[PDB]
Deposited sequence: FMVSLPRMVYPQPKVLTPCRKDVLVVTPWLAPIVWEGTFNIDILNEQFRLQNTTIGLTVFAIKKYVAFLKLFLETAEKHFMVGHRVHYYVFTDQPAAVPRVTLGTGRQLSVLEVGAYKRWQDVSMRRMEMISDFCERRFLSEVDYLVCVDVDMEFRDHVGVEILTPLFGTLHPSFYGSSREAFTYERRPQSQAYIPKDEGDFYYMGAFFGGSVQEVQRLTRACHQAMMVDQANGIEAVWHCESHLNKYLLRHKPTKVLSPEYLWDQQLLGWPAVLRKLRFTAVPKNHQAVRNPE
């Protein structure tokens, strides 16, 4: 880890919190990433000195190929600008992937529907998102950490009893009513390649056990993600700035930026 250069920025003040309206750290001491909690210049310096490469993975199957153009074009505008990016587009229609113009240090691979050794050699972090989305504001290195989840936009204010966890004890994704930190959305999670592979290997195994026992979790991948993240605490949590639906939920005051959003 190389030394940071001289930098001039406003002093952080110990007796003036940036955000008083929201929880900015979890009880396991992981940052909850909200606008106003980070200086992106410091963070960009730290990650550029490491020459960080971010992999962004999306699945675009059947009619979802129609979402790739806006997704990638807006990712070009807002996602990890200044850093190395490798897009991994998983699709059943290689020829329907749009030819999107990419900035320097950025590349796209189309994988037709195996990648574990490849990810380890090519990227430092993996970000796993849904394709029926667009970037509308900065999504940068502030999110990067060994393991992260994102607060589901419908449940960030809800008590744990109301979370739509799998509640049947016969599923591997089972979480009782007296357990749970947050409801994480399956549409945005990530971390180091090693942690994301651990997570997905655990999730896949848990899903196969359910399948053998003739049971399917209420919210599928997201139910298993929530169980993993309960038992393996994420090292950062992203606020609902990072996964929003403005048609469904508007623009409440607690959100200073809408960064990544659902497309109608």
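Worksheet item: Counting from 1 along the deposited sequence, what's missing?
Response: Missing C-alpha atoms (numbering from 1) occur across the ranges 1, 115-133, 285-294.
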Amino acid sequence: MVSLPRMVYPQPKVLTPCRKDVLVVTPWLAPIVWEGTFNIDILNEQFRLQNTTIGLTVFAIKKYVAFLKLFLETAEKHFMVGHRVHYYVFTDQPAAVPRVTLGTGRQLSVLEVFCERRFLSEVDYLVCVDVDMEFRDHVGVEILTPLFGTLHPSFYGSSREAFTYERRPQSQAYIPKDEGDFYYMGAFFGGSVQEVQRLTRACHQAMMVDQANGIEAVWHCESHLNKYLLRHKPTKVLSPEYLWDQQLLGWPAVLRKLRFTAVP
From here on, numbers count along this sequence of modelled residues.
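Worksheet item: Which of the two stretches, 136-144 or 158-166, shows the higher mean Cα temperature factor in the record?
Response: Taking the mean B-factor of the alpha carbons in each, 158-166 is higher.
Worksheet item: As stated in the PDB record, which stretch has the larger average Cα B-factor, 217-225 or 231-239?
Response: The recorded data point to 217-225.
Practice prompt. Choose from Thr26, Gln46, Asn39, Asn51 the residue with the greatest Cα B-factor as stated in the PDB record.
Written response: Highest CA B-factor of the listed options: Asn51.
Fill in: Highest-ranked of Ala30, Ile61, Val33, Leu70 once sorted by CA temperature factor in the record
Comparing C-alpha B-factors across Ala30, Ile61, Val33, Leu70, the top value belongs to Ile61.
Practice prompt. Compare the C-alpha B factor of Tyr184 with those of the other modelled residues in its chain, then answer lowest, middle or highest third.
Written response: Its C-alpha B-factor belongs to the middle third of this chain's values.
Practice prompt. Taking the chain's C-alpha temperature factors as the reference, tell me which third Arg117 falls into: lowest, middle or highest.
Written response: It belongs to the highest third of the chain when residues are ordered by C-alpha B-factor.
Item to complete: Rank-wise, by C-alpha B-factor, drop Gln194 into the lowest, middle or highest third of its chain.
Response: Middle third by C-alpha B-factor.
Worksheet item: If you rank every modelled residue in this chain by C-alpha B factor, which third holds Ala173: lowest, middle or highest?
Response: Ranked within chain, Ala173 CA B lands in the highest tercile.
Worksheet item: When the modelled residues of the chain are sorted by Cα temperature factor, does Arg99 land in the lowest, middle or highest third?
Response: Its C-alpha B-factor, which the entry lists for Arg99, ranks in the highest third among residues of this chain.
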